[PDB]
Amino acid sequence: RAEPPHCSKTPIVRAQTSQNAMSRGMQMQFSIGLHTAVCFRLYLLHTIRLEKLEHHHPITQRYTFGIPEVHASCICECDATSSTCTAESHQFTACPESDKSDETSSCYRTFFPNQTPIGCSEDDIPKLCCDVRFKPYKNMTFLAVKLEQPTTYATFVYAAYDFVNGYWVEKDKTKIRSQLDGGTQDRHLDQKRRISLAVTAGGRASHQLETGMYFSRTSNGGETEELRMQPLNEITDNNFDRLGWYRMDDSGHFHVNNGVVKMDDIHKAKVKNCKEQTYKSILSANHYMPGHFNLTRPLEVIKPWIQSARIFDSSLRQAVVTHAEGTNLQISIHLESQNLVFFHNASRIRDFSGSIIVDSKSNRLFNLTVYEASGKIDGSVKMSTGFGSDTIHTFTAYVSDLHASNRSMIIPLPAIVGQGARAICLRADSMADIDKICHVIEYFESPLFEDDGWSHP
């Protein structure tokens, strides 16, 4: 049932190997695009597909955090000399064992002297004492990870096909992994060890996830899911305006990172009426419940170049970022006297549909859907709705399926492709200019979505 991939139209360069003071060897060179295949015969169809481009980021930091659910409760004393409510009992201290404590809860104390005698005698200088309690919100736990500069790997699929009877028969299928950060990587590619595959990257990948703090939900069983990015603290940092200040210890117990010491800086309270036991209370912090947390969607949902961004396995040592968009790699195929012949299939497209989108994260793109398409498809973006209007941008899209297929794809657009409807014309490689499919594509701009008082008694 196995069929070959679309054999891409590629220019080949004849390279001649250097000579040694013994016994010349010819090599075939070409650039291979990400998600494309190259086919050749040897004088059994051999196919090389660039399946994956990945960044393997070492995880240099790890801590477990949650979203705190905060409740503060205060008591006022009208008389500043009262034995009740003191810096001894409420300043730089956790709530006592005697103070009604839930197992999952963490409780820190605050002390506010120099209150106004509302509810007291004119000469009283009240003091307000508080318990600030933190609970894990909806038992939502997250793993915080520092991702550093990655190593780059390309995964190729080598498949060999024989055309026995009237159907294609898959004879060989192997996955070839090659490191991209250094020099040329070489290996044998066929079962007979006759054909060799050399891979060479020209510099860094066009994209990379920036060194920094990322995180994912931790679940029952398969702990980690897709990584996300939201302002988050490094292990040694304790900025209450960022995620991660509500940390989990060796046991599954959450605490406010340096809570006892920091509480007086974050919790701010003032009396309303001392007698009536009423007050104003706030938490000069971010990412807590109620009303101070909104979880960002994963990286792969919000960033078009990211196909996937996940922690590799349960050892939590590497984060693997799989690329949706990436530049070509340089390939060199070397091997009695034999002939290596490269083959490609024709490109087709029946029709297309789409919309020009400017998403809530400012990504300018053409959401393209092709119909009964395969191969290299050249697109041209026009100045207006008229098909004959000036070309403002040109691009090429590549369809993977050997048979004509219906597929969706994101084409990034330059800032010149501004507001309003315009024509986009698509033509398959080596088809008359008359054989182009033009359409008026509608424009959809989502407004920029971005983030950013006192509670009673």
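Numbers follow the displayed sequence, beginning with 1.
Gap between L335 and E336: 4 to 9 deposited residues without coordinates. According to the record, 10 or more deposited residues between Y43 and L44 are left without atomic coordinates. Taking the PDB entry as given, 347 to 355 carries the higher mean Cα B factor of the two stretches 347 to 355 and 106 to 114. Two stretches are in play, 400 to 408 and 25 to 33, and the higher mean C-alpha B-factor belongs to 400 to 408. Which of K272, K262, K192, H207 has the largest Cα B-factor in the deposited entry comes down to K192. As recorded in the entry, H188 carries the highest CA temperature factor of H188, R297, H90, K382. Sorting the modelled residues of the chain by their CA temperature factor places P136 in the highest third. Compared with the other modelled residues of the chain, the Cα B-factor recorded for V70 ranks in the middle third.
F312: CA B factor in the lowest third of modelled residues in this chain (values from the PDB entry). Among the modelled residues of its chain, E54 has a C-alpha B-factor that falls in the lowest third according to the deposited record. Annotation for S82: C-alpha temperature factor in the middle third relative to the rest of the modelled chain, per the entry.
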